[PDB]
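Next up, entry17.txt (compact mmCIF, N, CA and C atoms):
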# COMPACT_ATOMS: atom_id res chain seq x y z
N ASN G 1 6.39 -99.41 47.13
CA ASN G 1 6.34 -100.16 48.42
C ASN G 1 5.61 -101.49 48.27
N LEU G 2 4.29 -101.45 48.36
CA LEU G 2 3.43 -102.62 48.15
C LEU G 2 3.84 -103.36 46.89
N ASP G 3 4.21 -102.60 45.86
CA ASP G 3 4.84 -103.12 44.66
C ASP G 3 6.08 -104.02 44.90
N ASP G 4 7.00 -103.56 45.75
CA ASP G 4 8.21 -104.34 45.97
C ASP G 4 7.84 -105.56 46.79
N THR G 5 6.95 -105.37 47.77
CA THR G 5 6.45 -106.46 48.59
C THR G 5 5.89 -107.54 47.70
N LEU G 6 5.08 -107.14 46.76
CA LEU G 6 4.43 -108.07 45.91
C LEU G 6 5.44 -108.69 45.01
N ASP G 7 6.52 -107.98 44.77
CA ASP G 7 7.54 -108.45 43.89
C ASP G 7 8.29 -109.57 44.53
N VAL G 8 8.50 -109.47 45.82
CA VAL G 8 9.12 -110.52 46.58
C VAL G 8 8.23 -111.74 46.74
N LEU G 9 7.02 -111.54 47.22
CA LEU G 9 6.06 -112.62 47.36
C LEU G 9 6.01 -113.46 46.10
N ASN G 10 5.91 -112.79 44.98
CA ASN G 10 5.83 -113.39 43.67
C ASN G 10 7.02 -114.30 43.34
N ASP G 11 8.23 -113.81 43.59
CA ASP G 11 9.46 -114.53 43.37
C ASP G 11 9.49 -115.83 44.20
N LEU G 12 9.09 -115.71 45.46
CA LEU G 12 9.12 -116.88 46.34
C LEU G 12 8.07 -117.89 45.95
N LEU G 13 7.01 -117.42 45.28
CA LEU G 13 5.89 -118.28 44.89
C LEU G 13 6.31 -119.15 43.73
N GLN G 14 6.91 -118.52 42.75
CA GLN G 14 7.45 -119.25 41.64
C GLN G 14 8.51 -120.22 42.16
N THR G 15 9.28 -119.81 43.17
CA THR G 15 10.25 -120.71 43.78
C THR G 15 9.60 -121.96 44.41
N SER G 16 8.68 -121.75 45.33
CA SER G 16 7.94 -122.88 45.86
C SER G 16 7.41 -123.83 44.75
N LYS G 17 6.71 -123.31 43.74
CA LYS G 17 6.14 -124.10 42.61
C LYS G 17 7.18 -124.93 41.81
N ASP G 18 8.30 -124.31 41.45
CA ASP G 18 9.41 -125.00 40.80
C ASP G 18 9.87 -126.19 41.58
N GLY G 19 9.90 -126.05 42.91
CA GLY G 19 10.44 -127.06 43.80
C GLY G 19 9.40 -128.13 44.10
N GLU G 20 8.12 -127.74 44.05
CA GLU G 20 7.08 -128.74 44.14
C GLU G 20 7.25 -129.74 42.99
N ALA G 21 7.31 -129.24 41.76
CA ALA G 21 7.48 -130.12 40.59
C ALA G 21 8.80 -130.84 40.65
N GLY G 22 9.87 -130.05 40.66
CA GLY G 22 11.26 -130.51 40.63
C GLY G 22 11.62 -131.52 41.70
N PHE G 23 11.19 -131.29 42.94
CA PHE G 23 11.56 -132.24 44.00
C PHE G 23 10.77 -133.53 43.96
N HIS G 24 9.56 -133.45 43.40
CA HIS G 24 8.78 -134.67 43.07
C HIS G 24 9.50 -135.52 42.01
N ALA G 25 10.00 -134.90 40.94
CA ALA G 25 10.73 -135.63 39.88
C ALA G 25 12.01 -136.27 40.41
N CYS G 26 12.82 -135.48 41.15
CA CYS G 26 13.99 -135.98 41.90
C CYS G 26 13.60 -137.21 42.68
N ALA G 27 12.40 -137.16 43.26
CA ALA G 27 11.87 -138.28 44.03
C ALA G 27 11.50 -139.51 43.17
N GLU G 28 11.17 -139.34 41.92
CA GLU G 28 10.79 -140.47 41.10
C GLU G 28 12.01 -141.13 40.56
N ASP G 29 13.06 -140.35 40.47
CA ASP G 29 14.32 -140.76 39.92
C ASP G 29 15.33 -141.20 40.94
N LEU G 30 14.93 -141.56 42.14
CA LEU G 30 15.90 -142.03 43.10
C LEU G 30 15.63 -143.45 43.55
N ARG G 31 16.54 -144.36 43.27
CA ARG G 31 16.39 -145.71 43.79
C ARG G 31 16.51 -145.74 45.34
N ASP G 32 17.34 -144.88 45.92
CA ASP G 32 17.56 -144.91 47.37
C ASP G 32 16.35 -144.39 48.14
N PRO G 33 15.76 -145.23 49.02
CA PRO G 33 14.46 -144.95 49.63
C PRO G 33 14.49 -143.87 50.70
N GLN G 34 15.62 -143.71 51.37
CA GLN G 34 15.79 -142.62 52.34
C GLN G 34 15.86 -141.25 51.64
N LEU G 35 16.57 -141.20 50.51
CA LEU G 35 16.66 -139.98 49.71
C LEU G 35 15.41 -139.63 48.90
N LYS G 36 14.61 -140.64 48.54
CA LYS G 36 13.28 -140.44 47.92
C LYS G 36 12.38 -139.72 48.89
N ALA G 37 12.30 -140.26 50.11
CA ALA G 37 11.40 -139.77 51.15
C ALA G 37 11.67 -138.31 51.51
N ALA G 38 12.92 -137.88 51.34
CA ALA G 38 13.37 -136.55 51.74
C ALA G 38 13.03 -135.54 50.65
N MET G 39 13.24 -135.96 49.41
CA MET G 39 12.83 -135.20 48.23
C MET G 39 11.33 -135.08 48.16
N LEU G 40 10.63 -136.05 48.71
CA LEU G 40 9.19 -136.06 48.66
C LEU G 40 8.63 -135.14 49.75
N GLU G 41 9.22 -135.19 50.95
CA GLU G 41 8.77 -134.30 52.03
C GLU G 41 9.02 -132.82 51.64
N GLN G 42 10.18 -132.54 51.03
CA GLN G 42 10.49 -131.20 50.55
C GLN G 42 9.51 -130.78 49.45
N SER G 43 9.30 -131.63 48.44
CA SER G 43 8.21 -131.40 47.46
C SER G 43 6.90 -130.91 48.07
N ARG G 44 6.41 -131.66 49.06
CA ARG G 44 5.15 -131.45 49.73
C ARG G 44 5.12 -130.12 50.48
N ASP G 45 6.24 -129.80 51.14
CA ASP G 45 6.39 -128.58 51.93
C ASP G 45 6.52 -127.32 51.04
N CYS G 46 7.01 -127.48 49.80
CA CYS G 46 7.06 -126.34 48.88
C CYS G 46 5.64 -126.04 48.49
N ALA G 47 4.86 -127.10 48.22
CA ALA G 47 3.42 -127.03 47.89
C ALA G 47 2.66 -126.22 48.94
N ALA G 48 2.83 -126.56 50.22
CA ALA G 48 2.26 -125.77 51.31
C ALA G 48 2.74 -124.31 51.32
N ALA G 49 4.02 -124.11 51.04
CA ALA G 49 4.63 -122.78 51.01
C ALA G 49 3.94 -121.91 49.97
N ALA G 50 3.86 -122.47 48.75
CA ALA G 50 3.04 -121.90 47.65
C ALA G 50 1.59 -121.47 48.03
N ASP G 51 0.83 -122.30 48.75
CA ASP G 51 -0.57 -122.01 49.08
C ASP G 51 -0.59 -120.82 49.98
N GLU G 52 0.30 -120.82 50.95
CA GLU G 52 0.41 -119.73 51.91
C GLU G 52 0.87 -118.42 51.24
N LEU G 53 1.75 -118.53 50.25
CA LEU G 53 2.24 -117.31 49.58
C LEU G 53 1.27 -116.85 48.52
N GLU G 54 0.29 -117.67 48.20
CA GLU G 54 -0.71 -117.21 47.24
C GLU G 54 -1.89 -116.52 47.91
N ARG G 55 -2.27 -116.97 49.10
CA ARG G 55 -3.34 -116.28 49.84
C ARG G 55 -2.92 -114.82 49.99
N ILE G 56 -1.81 -114.60 50.68
CA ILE G 56 -1.21 -113.27 50.94
C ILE G 56 -1.03 -112.41 49.67
N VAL G 57 -0.63 -113.00 48.53
CA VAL G 57 -0.53 -112.28 47.23
C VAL G 57 -1.92 -111.83 46.72
N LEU G 58 -2.94 -112.68 46.88
CA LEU G 58 -4.28 -112.34 46.47
C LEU G 58 -4.86 -111.33 47.48
N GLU G 59 -4.67 -111.60 48.77
CA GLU G 59 -5.08 -110.63 49.79
C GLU G 59 -4.55 -109.24 49.46
N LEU G 60 -3.26 -109.10 49.10
CA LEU G 60 -2.68 -107.76 48.85
C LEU G 60 -3.00 -107.13 47.48
N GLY G 61 -3.73 -107.85 46.62
CA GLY G 61 -4.18 -107.27 45.37
C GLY G 61 -3.53 -107.84 44.12
N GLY G 62 -2.62 -108.79 44.31
CA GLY G 62 -1.83 -109.31 43.21
C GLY G 62 -2.51 -110.39 42.38
N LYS G 63 -1.93 -110.63 41.21
CA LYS G 63 -2.31 -111.75 40.35
C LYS G 63 -1.06 -112.60 40.18
N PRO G 64 -1.16 -113.88 40.56
CA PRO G 64 -0.12 -114.93 40.39
C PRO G 64 -0.27 -115.78 39.11
N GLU G 65 22.47 -141.25 38.99
CA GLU G 65 21.89 -141.03 40.30
C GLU G 65 22.68 -140.09 41.18
N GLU G 66 23.99 -140.14 41.09
CA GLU G 66 24.82 -139.10 41.63
C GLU G 66 24.49 -137.83 40.88
N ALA G 67 24.52 -137.89 39.56
CA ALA G 67 24.12 -136.78 38.73
C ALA G 67 22.79 -136.19 39.12
N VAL G 68 21.88 -137.04 39.55
CA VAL G 68 20.58 -136.62 39.97
C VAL G 68 20.62 -135.87 41.29
N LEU G 69 21.54 -136.24 42.14
CA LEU G 69 21.66 -135.64 43.43
C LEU G 69 22.27 -134.29 43.30
N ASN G 70 23.23 -134.17 42.42
CA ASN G 70 23.85 -132.89 42.20
C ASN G 70 22.88 -131.81 41.72
N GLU G 71 21.98 -132.12 40.80
CA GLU G 71 21.04 -131.11 40.31
C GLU G 71 19.96 -130.77 41.34
N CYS G 72 19.53 -131.77 42.09
CA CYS G 72 18.47 -131.58 43.07
C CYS G 72 18.98 -130.78 44.24
N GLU G 73 20.23 -131.06 44.63
CA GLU G 73 20.88 -130.26 45.66
C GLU G 73 21.10 -128.83 45.17
N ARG G 74 21.53 -128.66 43.91
CA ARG G 74 21.51 -127.30 43.27
C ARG G 74 20.19 -126.58 43.49
N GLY G 75 19.10 -127.30 43.26
CA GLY G 75 17.76 -126.75 43.35
C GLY G 75 17.40 -126.30 44.75
N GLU G 76 17.90 -127.01 45.76
CA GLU G 76 17.72 -126.65 47.16
C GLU G 76 18.48 -125.35 47.53
N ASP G 77 19.71 -125.25 47.04
CA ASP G 77 20.55 -124.08 47.27
C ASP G 77 20.00 -122.81 46.58
N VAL G 78 19.59 -122.96 45.33
CA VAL G 78 18.78 -121.90 44.75
C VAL G 78 17.61 -121.51 45.69
N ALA G 79 16.83 -122.46 46.26
CA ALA G 79 15.72 -122.06 47.19
C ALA G 79 16.21 -121.21 48.34
N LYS G 80 17.17 -121.74 49.10
CA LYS G 80 17.84 -121.06 50.20
C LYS G 80 18.25 -119.63 49.86
N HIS G 81 18.94 -119.47 48.74
CA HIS G 81 19.40 -118.13 48.34
C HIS G 81 18.26 -117.14 48.08
N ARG G 82 17.21 -117.60 47.39
CA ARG G 82 16.04 -116.74 47.11
C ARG G 82 15.37 -116.29 48.41
N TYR G 83 15.27 -117.19 49.41
CA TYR G 83 14.74 -116.84 50.74
C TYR G 83 15.62 -115.87 51.59
N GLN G 84 16.95 -116.12 51.64
CA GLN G 84 17.93 -115.18 52.21
C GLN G 84 17.80 -113.77 51.62
N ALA G 85 17.80 -113.65 50.29
CA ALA G 85 17.65 -112.33 49.63
C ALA G 85 16.35 -111.68 50.06
N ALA G 86 15.28 -112.47 50.09
CA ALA G 86 13.96 -112.01 50.49
C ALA G 86 13.93 -111.51 51.92
N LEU G 87 14.67 -112.17 52.81
CA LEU G 87 14.74 -111.75 54.20
C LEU G 87 15.57 -110.46 54.45
N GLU G 88 16.50 -110.14 53.54
CA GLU G 88 17.18 -108.83 53.48
C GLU G 88 16.25 -107.62 53.37
N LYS G 89 15.15 -107.74 52.62
CA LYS G 89 14.30 -106.59 52.35
C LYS G 89 13.46 -106.22 53.58
N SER G 90 13.07 -104.94 53.67
CA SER G 90 12.20 -104.46 54.76
C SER G 90 10.74 -104.65 54.35
N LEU G 91 9.98 -105.33 55.20
CA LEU G 91 8.63 -105.76 54.84
C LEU G 91 7.73 -105.77 56.07
N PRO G 92 6.43 -105.64 55.86
CA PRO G 92 5.46 -105.73 56.92
C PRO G 92 5.80 -106.83 57.88
N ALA G 93 5.62 -106.55 59.15
CA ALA G 93 6.05 -107.45 60.17
C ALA G 93 5.52 -108.82 59.93
N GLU G 94 4.22 -108.87 59.72
CA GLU G 94 3.50 -110.07 59.46
C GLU G 94 4.12 -110.91 58.33
N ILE G 95 4.46 -110.28 57.22
CA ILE G 95 5.03 -110.98 56.09
C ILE G 95 6.42 -111.55 56.37
N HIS G 96 7.30 -110.78 56.96
CA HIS G 96 8.59 -111.27 57.45
C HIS G 96 8.49 -112.61 58.23
N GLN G 97 7.59 -112.67 59.21
CA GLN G 97 7.42 -113.89 60.00
C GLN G 97 7.14 -115.16 59.20
N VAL G 98 6.28 -115.04 58.19
CA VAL G 98 5.94 -116.14 57.29
C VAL G 98 7.20 -116.63 56.53
N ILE G 99 7.98 -115.70 56.01
CA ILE G 99 9.11 -116.02 55.16
C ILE G 99 10.23 -116.64 56.00
N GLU G 100 10.46 -116.03 57.17
CA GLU G 100 11.34 -116.56 58.20
C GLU G 100 11.00 -118.01 58.49
N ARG G 101 9.74 -118.28 58.83
CA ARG G 101 9.34 -119.62 59.15
C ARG G 101 9.51 -120.62 57.98
N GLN G 102 9.26 -120.16 56.75
CA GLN G 102 9.38 -120.99 55.55
C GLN G 102 10.83 -121.29 55.28
N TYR G 103 11.65 -120.27 55.53
CA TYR G 103 13.11 -120.36 55.47
C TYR G 103 13.62 -121.49 56.41
N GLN G 104 13.09 -121.56 57.63
CA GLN G 104 13.54 -122.62 58.55
C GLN G 104 13.29 -123.98 57.93
N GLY G 105 12.18 -124.10 57.22
CA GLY G 105 11.83 -125.36 56.60
C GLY G 105 12.83 -125.67 55.51
N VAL G 106 13.06 -124.72 54.62
CA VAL G 106 14.02 -124.84 53.51
C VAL G 106 15.39 -125.37 53.96
N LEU G 107 15.92 -124.76 55.03
CA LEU G 107 17.19 -125.22 55.70
C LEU G 107 17.15 -126.64 56.28
N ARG G 108 16.06 -126.99 56.98
CA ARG G 108 15.96 -128.33 57.55
C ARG G 108 16.07 -129.38 56.48
N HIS G 109 15.37 -129.18 55.36
CA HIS G 109 15.42 -130.17 54.29
C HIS G 109 16.77 -130.28 53.63
N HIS G 110 17.45 -129.15 53.40
CA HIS G 110 18.79 -129.21 52.82
C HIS G 110 19.77 -129.84 53.80
N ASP G 111 19.69 -129.43 55.06
CA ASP G 111 20.46 -130.07 56.12
C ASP G 111 20.29 -131.60 56.12
N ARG G 112 19.06 -132.07 55.93
CA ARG G 112 18.76 -133.52 55.80
C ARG G 112 19.46 -134.21 54.61
N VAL G 113 19.25 -133.71 53.41
CA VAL G 113 19.81 -134.34 52.20
C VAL G 113 21.34 -134.31 52.24
N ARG G 114 21.90 -133.26 52.83
CA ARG G 114 23.34 -133.08 52.89
C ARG G 114 23.88 -134.11 53.90
N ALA G 115 23.17 -134.25 55.02
CA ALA G 115 23.46 -135.31 55.97
C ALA G 115 23.45 -136.72 55.33
N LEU G 116 22.50 -136.97 54.43
CA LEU G 116 22.33 -138.28 53.79
C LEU G 116 23.37 -138.55 52.75
N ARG G 117 23.81 -137.49 52.08
CA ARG G 117 24.86 -137.60 51.09
C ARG G 117 26.19 -137.95 51.77
N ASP G 118 26.44 -137.34 52.94
CA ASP G 118 27.60 -137.61 53.79
C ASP G 118 27.72 -139.08 54.23
N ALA G 119 26.62 -139.69 54.68
CA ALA G 119 26.65 -141.09 55.09
C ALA G 119 26.95 -142.09 53.94
N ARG G 120 26.96 -141.62 52.70
CA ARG G 120 27.21 -142.50 51.54
C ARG G 120 28.63 -142.22 51.04
N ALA G 121 29.30 -141.28 51.71
CA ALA G 121 30.68 -140.94 51.36
C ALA G 121 31.68 -141.81 52.13
What do you get writing this file as structure tokens?
Amino acid sequence: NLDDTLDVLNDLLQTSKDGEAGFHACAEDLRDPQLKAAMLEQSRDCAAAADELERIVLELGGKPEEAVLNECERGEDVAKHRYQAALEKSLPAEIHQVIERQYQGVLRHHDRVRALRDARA
């Protein structure tokens, strides 16, 4: 039980961290200033996601340019999928709420970059 819970928390933590680094790099590699700012806000929000998912992991006992757009958007979709799978599992009420709320953030950012890619089409 607590094992599977921790197993999920852990997966999402590594996810947040990957995206903190990765979305910052995507941000350094974009000449377009609207798309930089979006990769940077997502970077920052993964960082927050990570801090929140690490408190709860420690609390519970655990130990923790087109081409450029294509890979970064890949990275966002990987985030979304990991959160969807995580929301499938049955988990303490409290923990579900956190992941749900983080999920809303994940979607808003992808919705943004996808919107921005459309305006350049």
message: Give me the residues near residue 42 of chain G as a ChimeraX atom specification, where near means some atom within 7 Å (using all atoms listed in the file) and where sequence neighbours in that chain fewer than 5 positions away do not count.
response: /G:19-20,23-24,37,47,109
task: Please measure the separation of atom CA of residue 98 of chain G and atom C of residue 58 of chain G, giving the value in Å to one decimal.
output: 15.4 Å
query: If you measure from atom CA of residue 48 of chain G to atom CA of residue 107 of chain G, what distance in Å do you get, rounded to one decimal?
result: 15.6 Å
- prompt: Which is closer to residue 103 of chain G than all the others in G:36, G:63, G:117, G:80, using only C-alpha atoms?
  reply: G:80
message: Using Å and a single decimal, report how far atom N of residue 69 of chain G sits from atom C of residue 29 of chain G.
response: 8.0 Å
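If you count all atoms listed in the file and ignore residues fewer than 5 places along the chain from residue 64 of chain G, what sits within 8 Å of it is residues 10, 54, 57 and 58 of chain G.
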task: Give me the residues within 7 Å of residue 87 of chain G as a ChimeraX atom specification, counting only N, CA and C atoms and dropping any in the same chain fewer than 3 places off.
output: /G:82-84,90,96,99-100
Export, as a PDB file, keeping the file's coordinate frame, the selected residues with N, CA and C atoms.
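Saved result, again.pdb, follows:
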ATOM      1  N   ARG G  82      17.210-117.600  47.390  1.00  0.00           N
ATOM      2  CA  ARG G  82      16.040-116.740  47.110  1.00  0.00           C
ATOM      3  C   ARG G  82      15.370-116.290  48.410  1.00  0.00           C
ATOM      4  N   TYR G  83      15.270-117.190  49.410  1.00  0.00           N
ATOM      5  CA  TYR G  83      14.740-116.840  50.740  1.00  0.00           C
ATOM      6  C   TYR G  83      15.620-115.870  51.590  1.00  0.00           C
ATOM      7  N   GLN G  84      16.950-116.120  51.640  1.00  0.00           N
ATOM      8  CA  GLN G  84      17.930-115.180  52.210  1.00  0.00           C
ATOM      9  C   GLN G  84      17.800-113.770  51.620  1.00  0.00           C
ATOM     10  N   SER G  90      13.070-104.940  53.670  1.00  0.00           N
ATOM     11  CA  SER G  90      12.200-104.460  54.760  1.00  0.00           C
ATOM     12  C   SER G  90      10.740-104.650  54.350  1.00  0.00           C
ATOM     13  N   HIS G  96       7.300-110.780  56.960  1.00  0.00           N
ATOM     14  CA  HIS G  96       8.590-111.270  57.450  1.00  0.00           C
ATOM     15  C   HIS G  96       8.490-112.610  58.230  1.00  0.00           C
ATOM     16  N   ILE G  99       7.980-115.700  56.010  1.00  0.00           N
ATOM     17  CA  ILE G  99       9.110-116.020  55.160  1.00  0.00           C
ATOM     18  C   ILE G  99      10.230-116.640  56.000  1.00  0.00           C
ATOM     19  N   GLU G 100      10.460-116.030  57.170  1.00  0.00           N
ATOM     20  CA  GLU G 100      11.340-116.560  58.200  1.00  0.00           C
ATOM     21  C   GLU G 100      11.000-118.010  58.490  1.00  0.00           C
TER      22      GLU G 100
END
- prompt: Given the choices G:65, G:59, G:71, G:45, which gets closest to residue 106 of chain G if the distance is worked out from all atoms listed in the file?
  reply: G:45
query: Which parts of segment 50-115 of chain G does DSSP call helix (DSSP H, G or I) when run on the backbone here, written out as a PyMOL selection string?
result: chain G and resi 50-59+66-88+93-115
- request: Extract, using only C-alpha atoms, all DNA, RNA and protein residues at most 9 Å from residue 113 of chain G, discarding same-chain residues fewer than 3 positions from it, and format them as a PyMOL selection string.
  value: chain G and resi 35+38-39+73+108-110+116-118
query: Skipping near chain neighbours, those fewer than 3 positions away, what residues fall within 10 Å of residue 11 of chain G using only C-alpha atoms, listed as a PyMOL selection string?
result: chain G and resi 6-8+14-16+53+82-83+86
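Remark: for residue 68 of chain G, the closest of the candidate residues G:56, G:91, G:104, G:30 is G:30 (distances computed over only N, CA and C atoms).
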